[PDB]
Structures are given as structure tokens and as C-alpha cells.
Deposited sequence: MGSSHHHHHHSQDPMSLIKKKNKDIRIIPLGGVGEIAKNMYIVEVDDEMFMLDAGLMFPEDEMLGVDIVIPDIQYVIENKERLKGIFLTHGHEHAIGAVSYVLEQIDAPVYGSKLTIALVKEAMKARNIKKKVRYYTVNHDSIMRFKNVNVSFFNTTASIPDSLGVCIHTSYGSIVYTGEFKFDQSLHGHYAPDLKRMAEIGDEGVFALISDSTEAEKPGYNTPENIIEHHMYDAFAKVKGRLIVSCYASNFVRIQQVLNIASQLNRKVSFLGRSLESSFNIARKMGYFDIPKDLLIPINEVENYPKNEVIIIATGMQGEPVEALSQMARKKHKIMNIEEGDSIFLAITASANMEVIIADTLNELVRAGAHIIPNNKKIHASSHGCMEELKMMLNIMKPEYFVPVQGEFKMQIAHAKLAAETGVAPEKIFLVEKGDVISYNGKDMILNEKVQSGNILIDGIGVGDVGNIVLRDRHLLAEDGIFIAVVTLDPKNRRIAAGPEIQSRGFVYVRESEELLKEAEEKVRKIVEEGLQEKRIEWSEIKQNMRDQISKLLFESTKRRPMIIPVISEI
């Protein structure tokens, strides 16, 4: 009764999501308990013959008896696309919001994996208790609803992992952030913040979605023929905007691609979308309408939209191809991994006689916090140590500069590569070890 248990050693190890924006996976150890935070995929970067890339988890396998859980922040492919592959190697519980869990189950069914999985749905009131720590959660604002940040409580203070977030006052309901809970976490004491760097190079605030939606309306109103929208199947913000605008322009909407069809059906049943009746049509009926009465939302059979758009542009798609006069709206976050395929696909679309709605100040990728939003998270959390993740190295550097601006000690900011081990022993935080890391190519 007189002795309280107290934590001694911490390790933080990125296995994916640094040096890239995708395949996020962060291992946190507190003494003899290990936690996996996200388990994403990345679509192939000239990688020929690859469908997806997932993190090498050999370090976790070597230590698997200590893995107490996989905690999933949100249902983007870059956060959950590797989960089924992880579960074929190791049997640990999977914690996530009601939507994230439903999406993981759909992935397991799609790969016909029959193994018993221990899912545990959490929300912002859940506190998961382990031997060494407790884990709590808080709502964030992502491009998919029901996203959660993760807070691992230790005797040194909390280890906070944000996942994807932005601060946008126009997003409410299942996108509303837990600002008061975040402030309480910061006030109680944050030992380490692990935060999203994807848009850390961009000044200001990301554009609010109400303004993006109005600009999408203006652009789509000018489209004289068919409109093809290319986005991730997880981009529920964009999908909802397209549905709203379609109804206002007297266009029908149809989906092209397996992951979109499944994610939408799941989410619609769960009540996540506002859908006018008679808006949606099956893809086989699109040819029956005048061109200026249709919007097609297209993603890869796997959820990678640019490859499907390239197939359509080159008249190689199995179901539906681009025709001269089509207009295209491509909604995707830029990365080093995607820039060649994006450039080539845009060229192919122009050669096919399609019109490209610009990627400019009026409309552009608007998820992930820009500099001021990242500073806001830093100022709320007031971390002792800071580990920028979810980005290429230049994005991590930009984010580290923001942390120093908000007052994090520069010697307490760690710039990590895949397989690096940050460790703390109650005295010093060090980066003095590496573990195995790398890319597993799935065909």
C-alpha cells in the first residue's frame, strides 16, 4: 500500500511515417509494455509490380509477448492499411473508434482473413488500463470522422500522439475536436508530443472546409460535361462536399472502386453521411444520363486514386474511361512518393482532352494542420519533449522549428528516421540505438 508503481524506461520508435507521409506506425514502450500507434500502408512510389507497401514489423515480432495493443487513430489507409497484415503475424487487441473498427473489419473480410481478432471500440471517454500505464483518447478533426488522439499516461507525464488533425471551426459533429480535453491534458503535464508534420511547411491555417466547399461549387458549376472526382476512399469530407454540390447542380453521383463502395456503404449504414434521396446511381447507369448530369467519384480498387485515374486517362480502366471534354477534380495530399505518378497522370489527362480543375489557392488539399494549427497544438499541449512525425524529413524539420518557436527546448526536440530508438531513463532522453525497419512490398 505504501509503494506506488512508477515507470522507469520509455522508448519511442518510428517504424513508418517518417521520411514519408504514409504507412504511419509508431512503437511506444513503457517498461515491459509495448504499444503500436497506427499501422498504415503506403501506395507504391519506380516500384514496379507492387500493390502496397507496409512497415517491417520484425522488431515487434521479436518482442511480441510485450505488445499490449494496436491503437488506431482514424480510418485513413495511411493509418490502418497494414493492420490485417500485422494481425497475420501477431495476435494483439485492436483499439479504435466505432468507425475505425468497422473499417478494419471490412479489410479483414476483403482479404478473407478468418482469424479471431480482439476488437475494442473506444471513444473519448474510454480509459484503457494496463499494468504500467493507462491510455485515454480525445477527439480530433481529420478528413474522416470519429478520429482520436491517443494519450498514454506515465509517471513522467503523458505521451500524446495526435494522428492527423487540423483546427477548422466549420467542421462539427463527428469531426468536432475535444479542445477542453486537450487543454486538460496539457495542464496535467505532457512528457512527449508526437505530432503530424504533413503540412508543417505551409504558413497560416489550412483553408476551412466551408470555404473549400464554396470554391468547389464555383468550379463544378462551370463544368460543361461529366465530372470525375479522384480522392482517397477515406476522404469523407470531400465525398460529403461532392454529394452536397451534386444535389445543388442537379447531378447524380456514382462511385467507381471497391474501397469507396465499401467504406461508403459501411459509413452510410452507421449514419455518417447526409444523402439526398435519388442522388446515387449505380455505375452501370451513368451512360444513361446526359454528361452534364453526372459526377463519378473514383478511387483504385485498392483505395489509391491516382492509379485509377491514370487507367481511365489511358482508356485502360475495366469499367469506365475518360472521354474528351471530361473535367477532373483530383483531391490528394502531395508527397515525394506520389509526385511522378501525379505529374504523368495530369499529362495523360490533358492528352485525352480532359479539363483539369486547378490545384491552387481556391482549391487544394486542406486536411492536416498548417503552421499555425501545429503551433496551436504545441501551445495547448506544452510538451517537455517533441517528436515530429507523419512527414518527410523536410516536413519534420519545419515542424521542429515551430516547436522551438513555441518554447520547446531545442535539445528536447528529436528528429527521427525509421528504426531510430528514442529512449528515456528518468534522467536523459537519448537517441543511441536502432532497430530493424524498412518496407515490405505486397503484390
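Quiz item: Where does the model have holes with respect to the deposited sequence?
Solution: No coordinates exist for the deposited residues in 1-15, 61, 460-571, so these stretches are absent from the model.
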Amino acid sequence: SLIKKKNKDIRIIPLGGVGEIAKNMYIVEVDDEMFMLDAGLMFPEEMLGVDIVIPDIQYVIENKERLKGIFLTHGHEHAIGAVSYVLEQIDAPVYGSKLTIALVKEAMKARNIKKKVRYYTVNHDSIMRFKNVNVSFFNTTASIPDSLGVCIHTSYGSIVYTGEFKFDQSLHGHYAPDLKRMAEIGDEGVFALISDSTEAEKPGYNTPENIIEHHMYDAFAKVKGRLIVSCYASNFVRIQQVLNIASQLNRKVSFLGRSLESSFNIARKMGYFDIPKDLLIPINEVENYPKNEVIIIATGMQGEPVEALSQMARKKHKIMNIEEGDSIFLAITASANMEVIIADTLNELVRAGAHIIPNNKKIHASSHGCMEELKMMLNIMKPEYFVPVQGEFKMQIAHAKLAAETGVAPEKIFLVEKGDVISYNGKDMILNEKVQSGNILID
From here on, numbers count along this sequence of modelled residues.
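Quiz item: What stretch has the higher average Cα B-factor here, 337-345 or 157-165?
Solution: On average, C-alpha B-factors are higher across 337-345.
Self-check item: 303-311 versus 366-374 - which carries the larger mean C-alpha B factor in the record
Solution: Averaged over C-alpha atoms, the B-factors run higher in 303-311.
Practice problem: Check the PDB entry and point out which of 46, 384, 56, 33 has the largest C-alpha temperature factor. | Solution: Spelled out: the listed residue with the top C-alpha B-factor is 46.
Quiz item: What's the residue among 201, 178, 77, 274 with the greatest CA temperature factor in the PDB record?
Solution: Among 201, 178, 77, 274, the PDB entry lists the largest C-alpha B-factor for 274.
Quiz item: If you rank the chain by CA B-factor, which third does residue 109 end up in: lowest, middle or highest?
Solution: Highest third, going by the recorded CA B-factors of the chain.
Quiz item: According to the PDB entry, is the CA B factor of residue 98 in the bottom, middle or top third of its chain, that is, lowest, middle or highest?
Solution: Within its chain, residue 98 is a middle-third residue by C-alpha B-factor, going by the deposited values.
Quiz item: Mind checking which third residue 420 falls in for C-alpha B-factor across the chain?
Solution: Lowest third - that is where residue 420 ends up once the chain's C-alpha B-factors are sorted.
Exercise. Taking the chain's C-alpha temperature factors as the reference, tell me which third residue 116 falls into: lowest, middle or highest.
Key: Within its chain, residue 116 is a highest-third residue by C-alpha B-factor, going by the deposited values.
Exercise. Comparing against every modelled residue in the chain, figure out the third that the C-alpha B-factor of residue 326 lands in (lowest, middle or highest).
Key: According to the entry, residue 326 has a C-alpha B-factor in the chain's middle third.
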